[PDB]
Amino acid sequence: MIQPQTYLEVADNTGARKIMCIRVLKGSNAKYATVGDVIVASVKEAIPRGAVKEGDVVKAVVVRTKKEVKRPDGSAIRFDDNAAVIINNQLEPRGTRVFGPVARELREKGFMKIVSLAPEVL
Amino acid sequence: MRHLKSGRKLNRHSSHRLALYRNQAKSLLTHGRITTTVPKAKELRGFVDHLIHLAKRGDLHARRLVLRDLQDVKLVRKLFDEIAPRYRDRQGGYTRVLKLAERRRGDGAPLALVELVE
Amino acid sequence: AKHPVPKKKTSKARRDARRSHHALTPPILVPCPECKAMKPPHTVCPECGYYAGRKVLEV
Amino acid sequence: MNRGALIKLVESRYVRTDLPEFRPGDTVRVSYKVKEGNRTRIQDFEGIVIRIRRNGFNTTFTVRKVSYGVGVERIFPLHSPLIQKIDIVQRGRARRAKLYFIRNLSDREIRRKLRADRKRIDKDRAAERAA
Amino acid sequence: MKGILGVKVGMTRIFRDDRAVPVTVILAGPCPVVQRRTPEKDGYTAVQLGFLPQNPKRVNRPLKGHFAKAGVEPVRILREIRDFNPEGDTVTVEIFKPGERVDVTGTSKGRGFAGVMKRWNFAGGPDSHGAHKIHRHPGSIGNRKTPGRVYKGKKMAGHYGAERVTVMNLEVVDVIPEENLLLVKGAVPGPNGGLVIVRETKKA
RNA sequence: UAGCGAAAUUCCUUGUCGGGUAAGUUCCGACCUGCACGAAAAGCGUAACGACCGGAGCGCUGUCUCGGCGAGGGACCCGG
RNA sequence: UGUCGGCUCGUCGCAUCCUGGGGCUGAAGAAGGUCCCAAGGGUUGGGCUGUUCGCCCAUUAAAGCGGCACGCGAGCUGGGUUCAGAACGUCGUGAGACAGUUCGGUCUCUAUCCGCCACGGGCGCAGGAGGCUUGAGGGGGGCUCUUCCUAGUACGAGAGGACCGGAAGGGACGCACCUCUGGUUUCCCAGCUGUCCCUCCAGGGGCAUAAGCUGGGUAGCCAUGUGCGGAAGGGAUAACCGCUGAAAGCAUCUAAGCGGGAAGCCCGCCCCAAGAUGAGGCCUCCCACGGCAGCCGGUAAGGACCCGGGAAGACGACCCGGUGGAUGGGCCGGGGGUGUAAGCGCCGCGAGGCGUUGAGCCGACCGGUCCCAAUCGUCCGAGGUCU
Ligand SMILES: [Mg+2]
Ligand SMILES: [Mg+2]
Ligand SMILES: [Mg+2]
Ligand SMILES: [Mg+2]
Ligand SMILES: [Mg+2]
Ligand SMILES: [Mg+2]
Ligand SMILES: [Mg+2]
Ligand SMILES: [Mg+2]
Ligand SMILES: [Mg+2]
Ligand SMILES: [Mg+2]
Ligand SMILES: [Mg+2]
Ligand SMILES: [Mg+2]
Ligand SMILES: [Mg+2]
Ligand SMILES: [Mg+2]
Ligand SMILES: [Mg+2]
Ligand SMILES: [Mg+2]
Ligand SMILES: [Mg+2]
Ligand SMILES: [Mg+2]
Ligand SMILES: [Mg+2]
Ligand SMILES: [Mg+2]
Ligand SMILES: [Mg+2]
Ligand SMILES: [Mg+2]
Ligand SMILES: [Mg+2]
Ligand SMILES: [Mg+2]
Ligand SMILES: [Mg+2]
Ligand SMILES: [Mg+2]
Ligand SMILES: [Mg+2]
Ligand SMILES: [Mg+2]
Ligand SMILES: [Mg+2]
Ligand SMILES: [Mg+2]
Ligand SMILES: [Mg+2]
Ligand SMILES: [Mg+2]
Ligand SMILES: [Mg+2]
Ligand SMILES: [Mg+2]
Ligand SMILES: [Mg+2]
Ligand SMILES: [Mg+2]
Ligand SMILES: [Mg+2]
Ligand SMILES: [Mg+2]
Ligand SMILES: [Mg+2]
Ligand SMILES: [Mg+2]
Ligand SMILES: [Mg+2]
Ligand SMILES: [Mg+2]
Ligand SMILES: [Mg+2]
Ligand SMILES: [Mg+2]
Ligand SMILES: [Mg+2]
Ligand SMILES: [Mg+2]
Ligand SMILES: [Mg+2]
Ligand SMILES: [Mg+2]
Ligand SMILES: [Mg+2]
Ligand SMILES: [Mg+2]
Ligand SMILES: [Mg+2]
Ligand SMILES: [Mg+2]
Ligand SMILES: [Mg+2]
Ligand SMILES: [Mg+2]
Ligand SMILES: [Mg+2]
Ligand SMILES: [Mg+2]
Ligand SMILES: [Mg+2]
Ligand SMILES: [Mg+2]
Ligand SMILES: [Mg+2]
Ligand SMILES: [Mg+2]
Ligand SMILES: [Mg+2]
Ligand SMILES: [Mg+2]
Ligand SMILES: [Mg+2]
Ligand SMILES: [Mg+2]
Ligand SMILES: [Mg+2]
Ligand SMILES: [Mg+2]
Ligand SMILES: [Mg+2]
Ligand SMILES: [Mg+2]
Ligand SMILES: [Mg+2]
Ligand SMILES: [Mg+2]
Ligand SMILES: [Mg+2]
Ligand SMILES: [Mg+2]
Ligand SMILES: [Mg+2]
Ligand SMILES: [Mg+2]
Ligand SMILES: [Mg+2]
Ligand SMILES: [Mg+2]
Ligand SMILES: [Mg+2]
Ligand SMILES: [Mg+2]
Ligand SMILES: [Mg+2]
Ligand SMILES: [Mg+2]
Ligand SMILES: [Mg+2]
Ligand SMILES: [Mg+2]
Ligand SMILES: [Mg+2]
Ligand SMILES: [Mg+2]
Ligand SMILES: [Mg+2]
Ligand SMILES: [Mg+2]
Ligand SMILES: [Mg+2]
Ligand SMILES: [Mg+2]
Ligand SMILES: [Mg+2]
Ligand SMILES: [Mg+2]
Ligand SMILES: [Mg+2]
Ligand SMILES: [Mg+2]
Ligand SMILES: [Mg+2]
Ligand SMILES: [Mg+2]
Ligand SMILES: [Mg+2]
Ligand SMILES: [Mg+2]
Ligand SMILES: [Mg+2]
Ligand SMILES: [Mg+2]
Ligand SMILES: [Mg+2]
Ligand SMILES: [Mg+2]
Ligand SMILES: [Mg+2]
Ligand SMILES: [Mg+2]
Ligand SMILES: [Mg+2]
Ligand SMILES: [Mg+2]
Ligand SMILES: [Mg+2]
Ligand SMILES: [Mg+2]
Ligand SMILES: [Mg+2]
Ligand SMILES: [Mg+2]
Ligand SMILES: [Mg+2]
Ligand SMILES: [Mg+2]
Ligand SMILES: [Mg+2]
Ligand SMILES: [Mg+2]
Ligand SMILES: [Mg+2]
Ligand SMILES: [Mg+2]
Ligand SMILES: [Mg+2]
Ligand SMILES: [Mg+2]
Ligand SMILES: [Mg+2]
Ligand SMILES: [Mg+2]
Ligand SMILES: [Mg+2]
Ligand SMILES: [Mg+2]
Ligand SMILES: [Mg+2]
Ligand SMILES: [Mg+2]
Ligand SMILES: [Mg+2]
Ligand SMILES: [Mg+2]
Ligand SMILES: [Mg+2]
Ligand SMILES: [Mg+2]
Ligand SMILES: [Mg+2]
Ligand SMILES: [Mg+2]
Ligand SMILES: [Mg+2]
Ligand SMILES: [Mg+2]
Ligand SMILES: [Mg+2]
Ligand SMILES: [Mg+2]
Ligand SMILES: [Mg+2]
Ligand SMILES: [Mg+2]
Ligand SMILES: [Mg+2]
Ligand SMILES: [Mg+2]
Ligand SMILES: [Mg+2]
Ligand SMILES: [Mg+2]
Ligand SMILES: [Mg+2]
Ligand SMILES: [Mg+2]
Ligand SMILES: [Mg+2]
Ligand SMILES: [Mg+2]
Ligand SMILES: [Mg+2]
Ligand SMILES: [Mg+2]
Ligand SMILES: [Mg+2]
Ligand SMILES: [Mg+2]
Ligand SMILES: [Mg+2]
Ligand SMILES: [Mg+2]
Ligand SMILES: [Mg+2]
Ligand SMILES: [Mg+2]
Ligand SMILES: [Mg+2]
Ligand SMILES: [Mg+2]
Ligand SMILES: [Mg+2]
Ligand SMILES: [Mg+2]
Ligand SMILES: [Mg+2]
Ligand SMILES: [Mg+2]
Ligand SMILES: [Mg+2]
Ligand SMILES: [Mg+2]
Ligand SMILES: [Mg+2]
Ligand SMILES: [Mg+2]
Ligand SMILES: [Mg+2]
Ligand SMILES: [Mg+2]
Ligand SMILES: [Mg+2]
Ligand SMILES: [Mg+2]
Ligand SMILES: [Mg+2]
Ligand SMILES: [Mg+2]
Ligand SMILES: [Mg+2]
Ligand SMILES: [Mg+2]
Ligand SMILES: [Mg+2]
Ligand SMILES: [Mg+2]
Ligand SMILES: [Mg+2]
Ligand SMILES: [Mg+2]
Ligand SMILES: [Mg+2]
Ligand SMILES: [Zn+2]
């Protein structure tokens, strides 16, 4: 359940470290964004000389949340951090790698390049 | 809403209600029959019946459990030696409550009597 | 709160019409099947001490 | 009528019994059936069970594991037809029923606070000897 | 337009095609007809149904004669299904088949005197910043001298619950003739053990 | 005059430039066209101090998204 | 007759921001421009500043304009402004002054009437009753986006890119629900500190909150969780488009007549509803009781009182039960929560550990069982007006 002001850990090699949600791209007035949702976010912390810098307004896609995500099979899944991955306007991952596991819902929502770059899809 | 919530509050907080049930259990297990208001009467039954059945069990664990609520060692000895045996074949219903005719003058409280079965 | 207050003195008609539901209902009594004394049902007879056909209380 | 009997009766067809018992603290490998694209495989989930809810057929248990530096929790229904098998890999002894606190402990402290349950391990070895 | 009386028994979920589907279990059948409403005798078409057998000692003479006219044992509940006419004299769960879409009607759980926030989902007030004793109050209710009154039907505080509620287009997950059971997918108004009516859906 | 200046003073005014912010009529740093600072009704600075008045951050939160449940004393019923 | 702005709560207008239906276009397509019809629903979150307004950020189908004492302080707020303090600029010899700036600065427990939300009591609906109903008339609801197939086709040099028709998936909103997810769970269980006590050890109780603190947690009530709704369809139309066709040999959508045509109107859907005094309909039950359209009295069908109670509930109402009985309490079984009780044995100098032992305890949930408590009863209650 990511909403505006929520801090996300970036799980790629774009140079960013923490972004902050500022909008959920999902209709005119969505309240929360879960796994597989594209958001607009302001970069709040980055390593030097990266692909992006602090203050950059980028679009990301959430890959794991601290809220649990319910699945039709009756089961659920929950992670220890709310994490996102920066993307471009063509849903492509801007970085070259992703770190940590990502959720399987992404495969349903057309993020095959992030799913392939994942070390483990859960 | 109160849907399926058991037990009364009796305009008392937790410790006050607990001590009320305890003191009435003591007074009853002593005198055999006490006069109380009808709600306190209808609520005593669970407490006293559970204690009496526990005394019917008879072992040391039951004596310590009952002594948690009763504290008085002599009263518990009386409950195990005199009161318990006369309910050896009775399964539950060790107490009874009968409504009294006339109310109370100061406040109009409807009274009742709670006594131990024969 | 700005202290609401009665606008007009209530007419005797209106106050008595409001009180139209104040009448007491008389008690509910039955004869005790031992001393035939009138007493509330489901209570122990306070004139003979009997209930359910046996002594319970000294009257 | 007995409404609880009716509920249990409707549930009866789906009740699963071939799954080995365990307690909060045991390390477990759950072989779960997973659809991805365009097939269905089996993905394993190995971790410490931190909680076991009990509601007859609606009993669900939660499993925690560190996966590549990220704490992951999965909740499974005991009578789910997607759990192919469950394998006990270690018996731990917990003084508690709910194991939430291990979300704030390091791995070392976790090993210190959930030591091996030598009793139920000896009971596991005591069986396992067929004739 | 088929229907049947029944009692909500409780909620659970089952597994169909690797999907956990929530169900309400309803004890519907059996229900015998005790009267039939015809256009020539009453003005419209309907079927009066009876549910749950009753101790005859608890039934009074008028209802007893009514039951007897149909040659039907005493029953606890009598409820009509309009625009219905089964050919037999007893309605069972067999009328509903898996996959059929239905509407279920029940009596909601009564919430008693309900605040404006529980009844009408009002926003209430601030819980700080000076808000003086109105953290749950409804606020303004009118204008001023114009119109100088309150609208009819203005959402306010009052009773809420224990009212007729109809939930529509619920899939029949399963039917169990041996136990007169009806497994529907979703939520059905009222507590476990409440009276519910199951009819065919009105939405194509 | 020195010093200071869109100021506890600047009408036009959210002046313009820079900083902070995803975005800053406030804030901080500048310029000076000071409507209408200015040197014991003191001028410009000042470590320490302030339940004084601004601005930003970290932490943490039912302040909020957005409300939910629970406790007790009233409110509700009866007697005075 | 409390004056800005906010918050809460709305409702209305339509000069329509969006969604819908159109005409003209300097309308190829896609996208716009302009005018016509349309008020059913919808119209976001944030930075600045008391602001309304406005600018800006990120979105959007869209971020409409207005009325209701510039809606709404016996609903809240009190930042602005508009008492007394203090200061700055400026004015005045001065006391003081400006609305010019700046810091601060008491907003009143009890609703009589109308109105509104809920809810009972009385009477009436010509005999009195138990049920089941019709729906006059009301309210609710009414939203929209993305992708895909059609089809990279019609159209265009190319970029770009459809009508019509057909699927799938969202956002907010509404109603219900507790299987799952997630809360609470005031004593359901365990751990821990300090002190006082029972009884010295052990084992326990009180108090540290109106749970002493911590770790958990049933039923219930709950959203963050789950199901479902917006329609489909029919009818009459608005702008607009026609058919046939005079007056007016032509022409004309019209003067006679007939089609097509909107998220709008009427029905359809859910809910209330015969106080609908126009008091409806159907099933069944009781009956011509005595004395003097009236009165008194005992009854009938029945109803109420009282009592055990209830996911019903402020009271009262509703619904269930009253020994011919499972309604509550107890007891037993199951679920469930807590997580291995006391005691004894064994190991250790000891704090403790092991075994007995998934033990002991254990509210509400699903059941069983007359052990206890609904004992015994009383009061109402038709004799059917007239053409
Ligand atoms: Mg990472
Ligand atoms: Mg920077
Ligand atoms: Mg209630
Ligand atoms: Mg409460
Ligand atoms: Mg109960
Ligand atoms: Mg209690
Ligand atoms: Mg209670
Ligand atoms: Mg009570
Ligand atoms: Mg009191
Ligand atoms: Mg008291
Ligand atoms: Mg206390
Ligand atoms: Mg106390
Ligand atoms: Mg008990
Ligand atoms: Mg009694
Ligand atoms: Mg007195
Ligand atoms: Mg009495
Ligand atoms: Mg006031
Ligand atoms: Mg008032
Ligand atoms: Mg006040
Ligand atoms: Mg008031
Ligand atoms: Mg007052
Ligand atoms: Mg007078
Ligand atoms: Mg008068
Ligand atoms: Mg009056
Ligand atoms: Mg008089
Ligand atoms: Mg005497
Ligand atoms: Mg159940
Ligand atoms: Mg059965
Ligand atoms: Mg794998
Ligand atoms: Mg691990
Ligand atoms: Mg399998
Ligand atoms: Mg019903
Ligand atoms: Mg409220
Ligand atoms: Mg509501
Ligand atoms: Mg609410
Ligand atoms: Mg609030
Ligand atoms: Mg506030
Ligand atoms: Mg205040
Ligand atoms: Mg307050
Ligand atoms: Mg208010
Ligand atoms: Mg006013
Ligand atoms: Mg008027
Ligand atoms: Mg009600
Ligand atoms: Mg099936
Ligand atoms: Mg000079
Ligand atoms: Mg300057
Ligand atoms: Mg400036
Ligand atoms: Mg200066
Ligand atoms: Mg100043
Ligand atoms: Mg000026
Ligand atoms: Mg200015
Ligand atoms: Mg200025
Ligand atoms: Mg500016
Ligand atoms: Mg400007
Ligand atoms: Mg600037
Ligand atoms: Mg900048
Ligand atoms: Mg700037
Ligand atoms: Mg400020
Ligand atoms: Mg200048
Ligand atoms: Mg000046
Ligand atoms: Mg000066
Ligand atoms: Mg001087
Ligand atoms: Mg200084
Ligand atoms: Mg100070
Ligand atoms: Mg000082
Ligand atoms: Mg902060
Ligand atoms: Mg609050
Ligand atoms: Mg509350
Ligand atoms: Mg409370
Ligand atoms: Mg209280
Ligand atoms: Mg309370
Ligand atoms: Mg009084
Ligand atoms: Mg118009
Ligand atoms: Mg339009
Ligand atoms: Mg249009
Ligand atoms: Mg146009
Ligand atoms: Mg063009
Ligand atoms: Mg076009
Ligand atoms: Mg063009
Ligand atoms: Mg036009
Ligand atoms: Mg409109
Ligand atoms: Mg509008
Ligand atoms: Mg805005
Ligand atoms: Mg702000
Ligand atoms: Mg800020
Ligand atoms: Mg603002
Ligand atoms: Mg501000
Ligand atoms: Mg402005
Ligand atoms: Mg856009
Ligand atoms: Mg458009
Ligand atoms: Mg308005
Ligand atoms: Mg004006
Ligand atoms: Mg005003
Ligand atoms: Mg306004
Ligand atoms: Mg006003
Ligand atoms: Mg106002
Ligand atoms: Mg007012
Ligand atoms: Mg005001
Ligand atoms: Mg006023
Ligand atoms: Mg305010
Ligand atoms: Mg002020
Ligand atoms: Mg100010
Ligand atoms: Mg101002
Ligand atoms: Mg002022
Ligand atoms: Mg002021
Ligand atoms: Mg002043
Ligand atoms: Mg000053
Ligand atoms: Mg001066
Ligand atoms: Mg001046
Ligand atoms: Mg002068
Ligand atoms: Mg001077
Ligand atoms: Mg002057
Ligand atoms: Mg003056
Ligand atoms: Mg102050
Ligand atoms: Mg005020
Ligand atoms: Mg006053
Ligand atoms: Mg008063
Ligand atoms: Mg009043
Ligand atoms: Mg009036
Ligand atoms: Mg009435
Ligand atoms: Mg009317
Ligand atoms: Mg109607
Ligand atoms: Mg209507
Ligand atoms: Mg194509
Ligand atoms: Mg289409
Ligand atoms: Mg849809
Ligand atoms: Mg449950
Ligand atoms: Mg739950
Ligand atoms: Mg659950
Ligand atoms: Mg839970
Ligand atoms: Mg306890
Ligand atoms: Mg000791
Ligand atoms: Mg102690
Ligand atoms: Mg003491
Ligand atoms: Mg105390
Ligand atoms: Mg305690
Ligand atoms: Mg918890
Ligand atoms: Mg707790
Ligand atoms: Mg619970
Ligand atoms: Mg929700
Ligand atoms: Mg939907
Ligand atoms: Mg038409
Ligand atoms: Mg033409
Ligand atoms: Mg023509
Ligand atoms: Mg014509
Ligand atoms: Mg036509
Ligand atoms: Mg036409
Ligand atoms: Mg046509
Ligand atoms: Mg239409
Ligand atoms: Mg629609
Ligand atoms: Mg109805
Ligand atoms: Mg009706
Ligand atoms: Mg009628
Ligand atoms: Mg009329
Ligand atoms: Mg009638
Ligand atoms: Mg009719
Ligand atoms: Mg009778
Ligand atoms: Mg009855
Ligand atoms: Mg009786
Ligand atoms: Mg009897
Ligand atoms: Mg029972
Ligand atoms: Mg029982
Ligand atoms: Mg039990
Ligand atoms: Mg058990
Ligand atoms: Mg268990
Ligand atoms: Mg042990
Ligand atoms: Mg032991
Ligand atoms: Mg030794
Ligand atoms: Mg050993
Ligand atoms: Mg048990
Ligand atoms: Mg029996
Ligand atoms: Mg008995
Ligand atoms: Mg009697
Ligand atoms: Zn007597």
# chains A, B, ... in the order shown; residues from 1 in each chain; ligands from 1
>>> interface_residues(of="chain A", to="chain E", cutoff="6 Å", atoms="only C-alpha atoms", output="NGL selection string")
:A and (72-74)
>>> closest_atom_pairs(of="chain C", to="chain B", cutoff="7 Å", atoms="only C-alpha atoms", output="Markdown table")
| residue | atom | partner | partner_atom | distance |
| --- | --- | --- | --- | --- |
| C:40 | CA | B:101 | CA | 6.4 |
| C:42 | CA | B:99 | CA | 6.8 |
| C:43 | CA | B:99 | CA | 5.0 |
| C:44 | CA | B:100 | CA | 5.7 |
| C:45 | CA | B:101 | CA | 6.6 |
| C:46 | CA | B:101 | CA | 6.1 |
>>> residues_near_ligand(ligand="ligand 156", cutoff="8 Å", atoms="only C-alpha atoms (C1' of nucleotides) and all ligand atoms", output="VMD selection string")
(chain E and resid 42 to 43) or (chain G and resid 134 280 to 281)
>>> write_last_selection(atoms="N, CA, C and O atoms (P, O5', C5', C4', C3', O3' and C1' of nucleotides)", output="PDB file, in the first residue's frame")
ATOM      1  N   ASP E  42     -56.839 -14.211  -6.672  1.00  0.00           N
ATOM      2  CA  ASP E  42     -56.133 -13.288  -5.792  1.00  0.00           C
ATOM      3  C   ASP E  42     -55.663 -12.056  -6.550  1.00  0.00           C
ATOM      4  O   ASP E  42     -55.515 -10.979  -5.963  1.00  0.00           O
ATOM      5  N   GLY E  43     -55.416 -12.207  -7.849  1.00  0.00           N
ATOM      6  CA  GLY E  43     -55.042 -11.106  -8.718  1.00  0.00           C
ATOM      7  C   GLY E  43     -53.676 -11.236  -9.357  1.00  0.00           C
ATOM      8  O   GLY E  43     -53.428 -10.597 -10.389  1.00  0.00           O
TER       9      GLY E  43
ATOM     10  P     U G 134     -47.099  -9.195  -2.906  1.00  0.00           P
ATOM     11  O5'   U G 134     -48.160  -8.218  -3.577  1.00  0.00           O
ATOM     12  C5'   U G 134     -49.077  -8.705  -4.540  1.00  0.00           C
ATOM     13  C4'   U G 134     -50.096  -7.660  -4.903  1.00  0.00           C
ATOM     14  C3'   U G 134     -49.542  -6.315  -5.342  1.00  0.00           C
ATOM     15  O3'   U G 134     -49.204  -6.317  -6.718  1.00  0.00           O
ATOM     16  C1'   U G 134     -51.335  -6.012  -3.806  1.00  0.00           C
ATOM     17  P     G G 280     -59.023  -1.525   4.198  1.00  0.00           P
ATOM     18  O5'   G G 280     -59.063  -2.147   2.731  1.00  0.00           O
ATOM     19  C5'   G G 280     -59.809  -1.523   1.693  1.00  0.00           C
ATOM     20  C4'   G G 280     -59.453  -2.088   0.340  1.00  0.00           C
ATOM     21  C3'   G G 280     -59.431  -3.610   0.246  1.00  0.00           C
ATOM     22  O3'   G G 280     -60.713  -4.166  -0.023  1.00  0.00           O
ATOM     23  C1'   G G 280     -57.408  -2.750  -0.604  1.00  0.00           C
ATOM     24  P     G G 281     -61.158  -5.578   0.616  1.00  0.00           P
ATOM     25  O5'   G G 281     -60.316  -6.655  -0.201  1.00  0.00           O
ATOM     26  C5'   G G 281     -60.432  -6.760  -1.613  1.00  0.00           C
ATOM     27  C4'   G G 281     -59.384  -7.686  -2.171  1.00  0.00           C
ATOM     28  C3'   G G 281     -59.340  -9.077  -1.555  1.00  0.00           C
ATOM     29  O3'   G G 281     -60.305  -9.962  -2.105  1.00  0.00           O
ATOM     30  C1'   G G 281     -57.160  -8.180  -1.611  1.00  0.00           C
TER      31        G G 281
END
>>> select_by_dssp(residues="chain A", states="alpha helix (DSSP H)", output="VMD selection string")
chain A and resid 105 to 108 112 to 117
>>> write_last_selection(atoms="C-alpha atoms", output="mmCIF file, in the first residue's frame")
data_model
loop_
_atom_site.group_PDB
_atom_site.id
_atom_site.type_symbol
_atom_site.label_atom_id
_atom_site.label_comp_id
_atom_site.auth_asym_id
_atom_site.auth_seq_id
_atom_site.Cartn_x
_atom_site.Cartn_y
_atom_site.Cartn_z
ATOM 1 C CA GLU A 105 2.658 -10.282 -10.084
ATOM 2 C CA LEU A 106 5.114 -8.331 -12.251
ATOM 3 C CA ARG A 107 5.059 -11.107 -14.851
ATOM 4 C CA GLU A 108 1.302 -10.578 -15.135
ATOM 5 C CA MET A 112 9.536 -9.428 -18.290
ATOM 6 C CA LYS A 113 12.925 -7.698 -18.326
ATOM 7 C CA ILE A 114 12.766 -7.075 -14.579
ATOM 8 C CA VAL A 115 11.600 -10.647 -13.942
ATOM 9 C CA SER A 116 14.502 -12.028 -15.982
ATOM 10 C CA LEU A 117 17.013 -9.788 -14.182
#
>>> select_by_dssp(residues="region 30-93 of chain A", states="strand (DSSP E or B)", output="JSON, numbers by chain")
{"A": [33, 38, 39, 40, 41, 42, 43, 44, 45, 46, 57, 58, 59, 60, 61, 62, 63, 64, 69, 70, 76, 77, 78, 79, 83, 84, 85, 86, 87, 93]}
>>> write_last_selection(atoms="N, CA and C atoms", output="short mmCIF file (atom, residue, chain, number, x, y, z; two decimals), in the first residue's frame")
data_model
loop_
_atom_site.label_atom_id
_atom_site.label_comp_id
_atom_site.auth_asym_id
_atom_site.auth_seq_id
_atom_site.Cartn_x
_atom_site.Cartn_y
_atom_site.Cartn_z
N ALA A 33 -0.83 1.95 -4.18
CA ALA A 33 -0.17 1.20 -5.23
C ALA A 33 0.50 -0.02 -4.62
N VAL A 38 2.92 1.35 -11.47
CA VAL A 38 3.84 2.41 -11.86
C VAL A 38 3.52 3.65 -11.05
N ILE A 39 4.55 4.29 -10.50
CA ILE A 39 4.37 5.49 -9.71
C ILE A 39 5.35 6.55 -10.19
N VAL A 40 5.02 7.80 -9.90
CA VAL A 40 5.95 8.91 -10.05
C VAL A 40 6.59 9.17 -8.69
N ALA A 41 7.89 9.44 -8.68
CA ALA A 41 8.64 9.54 -7.43
C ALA A 41 9.83 10.47 -7.61
N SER A 42 10.16 11.16 -6.53
CA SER A 42 11.31 12.05 -6.48
C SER A 42 12.47 11.34 -5.80
N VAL A 43 13.62 11.32 -6.47
CA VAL A 43 14.81 10.68 -5.89
C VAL A 43 15.27 11.48 -4.69
N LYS A 44 15.47 10.80 -3.57
CA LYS A 44 15.86 11.46 -2.34
C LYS A 44 17.28 11.17 -1.89
N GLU A 45 17.90 10.11 -2.41
CA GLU A 45 19.26 9.75 -2.03
C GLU A 45 19.88 8.92 -3.15
N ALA A 46 21.09 9.28 -3.55
CA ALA A 46 21.75 8.59 -4.64
C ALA A 46 23.26 8.58 -4.40
N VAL A 57 12.93 13.53 -10.98
CA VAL A 57 11.56 13.04 -10.89
C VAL A 57 11.43 11.91 -11.91
N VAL A 58 11.42 10.67 -11.42
CA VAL A 58 11.43 9.51 -12.29
C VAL A 58 10.19 8.67 -12.02
N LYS A 59 9.91 7.76 -12.95
CA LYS A 59 8.86 6.77 -12.80
C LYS A 59 9.47 5.44 -12.40
N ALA A 60 8.83 4.77 -11.43
CA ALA A 60 9.29 3.48 -10.95
C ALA A 60 8.13 2.50 -10.94
N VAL A 61 8.46 1.23 -10.76
CA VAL A 61 7.46 0.18 -10.60
C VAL A 61 7.79 -0.58 -9.32
N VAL A 62 6.77 -0.78 -8.48
CA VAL A 62 7.00 -1.43 -7.20
C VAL A 62 7.20 -2.92 -7.42
N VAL A 63 8.14 -3.51 -6.68
CA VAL A 63 8.46 -4.92 -6.83
C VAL A 63 8.26 -5.71 -5.55
N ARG A 64 8.25 -5.07 -4.38
CA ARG A 64 7.95 -5.76 -3.13
C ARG A 64 7.52 -4.73 -2.10
N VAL A 69 0.44 -9.12 -0.03
CA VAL A 69 -0.26 -9.10 -1.31
C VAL A 69 -1.00 -10.43 -1.45
N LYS A 70 -2.33 -10.37 -1.45
CA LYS A 70 -3.15 -11.57 -1.50
C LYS A 70 -3.23 -12.12 -2.92
N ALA A 76 -0.60 -15.72 0.42
CA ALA A 76 -0.14 -14.34 0.39
C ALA A 76 1.38 -14.34 0.45
N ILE A 77 1.96 -13.14 0.33
CA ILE A 77 3.41 -12.99 0.39
C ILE A 77 3.72 -11.57 0.86
N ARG A 78 4.76 -11.45 1.69
CA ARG A 78 5.12 -10.18 2.31
C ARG A 78 6.64 -10.08 2.41
N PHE A 79 7.16 -8.87 2.22
CA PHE A 79 8.59 -8.63 2.26
C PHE A 79 8.92 -7.66 3.40
N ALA A 83 9.97 -1.71 -2.00
CA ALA A 83 11.02 -1.48 -2.98
C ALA A 83 10.45 -1.25 -4.37
N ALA A 84 11.16 -0.44 -5.15
CA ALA A 84 10.77 -0.10 -6.51
C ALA A 84 11.98 -0.18 -7.43
N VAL A 85 11.72 -0.10 -8.74
CA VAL A 85 12.75 -0.12 -9.76
C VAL A 85 12.45 0.98 -10.77
N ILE A 86 13.45 1.80 -11.08
CA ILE A 86 13.24 2.91 -12.00
C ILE A 86 13.06 2.36 -13.41
N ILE A 87 12.18 3.01 -14.18
CA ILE A 87 11.86 2.60 -15.54
C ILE A 87 11.72 3.84 -16.42
N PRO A 93 13.46 -1.37 -17.95
CA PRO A 93 14.28 -1.01 -16.78
C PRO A 93 15.46 -0.15 -17.21
#
>>> residues_near_ligand(ligand="ligand 43", cutoff="9 Å", atoms="only C-alpha atoms (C1' of nucleotides) and all ligand atoms", output="PyMOL selection string")
(chain E and resi 110-112+159-163) or (chain G and resi 312-313+317-318)
>>> closest_residue(among="C:39, C:15, C:7, C:2", to="residue 27 (chain C)", atoms="only C-alpha atoms")
C:39
>>> residues_near_ligand(ligand="ligand 85", cutoff="12 Å", atoms="only C-alpha atoms (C1' of nucleotides) and all ligand atoms", output="NGL selection string")
(:A and (5)) or (:F and (20-21 or 23-24 or 26-27 or 55-57)) or (:G and (46-48))
>>> residues_near_ligand(ligand="ligand 149", cutoff="9 Å", atoms="only C-alpha atoms (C1' of nucleotides) and all ligand atoms", output="number ranges by chain")
G: 262-264
>>> write_last_selection(atoms="C-alpha atoms (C1' of nucleotides)", output="PDB file, in the first residue's frame")
ATOM      1  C1'   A G 262     -29.125  11.293 -26.120  1.00  0.00           C
ATOM      2  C1'   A G 263     -25.138   9.192 -19.718  1.00  0.00           C
ATOM      3  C1'   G G 264     -31.229  13.098 -20.188  1.00  0.00           C
TER       4        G G 264
END
